[PDB]
Amino acid sequence: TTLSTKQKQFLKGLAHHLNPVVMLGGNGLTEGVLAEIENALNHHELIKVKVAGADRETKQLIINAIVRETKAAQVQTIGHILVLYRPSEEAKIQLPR
């Protein structure tokens, strides 16, 4: 998913009003966590995934794997939160041109 600068910023602003819908723990990106992320992308398009207690390299492994498997766009990485977006066949969120 390739987002323009303006699209990414639009989604970053919207995600400020969202809570995380997936949380990772010590076991990282398990099969079940990936299914939760897929589910969340499907229903919500724009999601926040909490990745607490991850150092920079660990978090990067996780980000890379999520993007590879899901084809979601990275909207924002700040601290322990990953904001991701993937469009739906039935758009829920109006994305700017």
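Per the PDB record, the structure was determined using X-ray crystallography to 1.37 Å resolution.

Let us now look at the packing of helix α2 (residues 31-44) against helix α3 (residues 56-70). Relative to each other, α2 and α3 sit at 60 degrees, their axes nearing to 11 Å. One finds that α2 runs oblique with respect to α3. α2 and α3 meet at a crossing whose hand is right-handed. Mapping the contact onto sequence places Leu34, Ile37, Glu38 and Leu41 in α2 and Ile66, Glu69 and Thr70 in α3. Looking at side-chain class alone, the contact of α2 with α3 contains 4 nonpolar, 1 polar and 2 charged residues.

Let us now look at the side chain of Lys59. With respect to the helices, strands and loops of the structure, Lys59 is situated in helix α3. Within the buried core, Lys59 has no salt-bridge partner, and the shortest N-O distance to an opposite charge, that of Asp55, equals 9.1 Å. Once residues within four sequence positions are removed from consideration, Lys59 is found in contact with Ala54, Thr77, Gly79 and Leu82.

Conventions adopted
- Residues numbered from 1 in each chain as written, not as in the entry; some residues may be left out.
- Heavy atoms only, no water.
- Axes fitted to C-alpha atoms, helices over the stretch in contact; angles between N-to-C directions.
- Helix = DSSP H or I, 4+ residues; strand = E, 2+ residues; numbered from the N terminus.
- Parallel < 35°, antiparallel > 145°, perpendicular 65-115°, else oblique.
- Left-handed = near helix turned anticlockwise from the far one by under 90°.
- Contact = heavy atoms within 4.5 Å.
- Nonpolar A, V, L, I, M, F, W, Y, C, P; charged D, E, K, R; others polar.
- Buried < 20%, exposed > 50% of the residue type's maximum accessible area, 1.4 Å probe, protein only.
- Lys, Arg positive; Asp, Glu negative; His and termini not counted.
- Salt bridge = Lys/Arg side-chain N within 4 Å of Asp/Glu carboxyl O.

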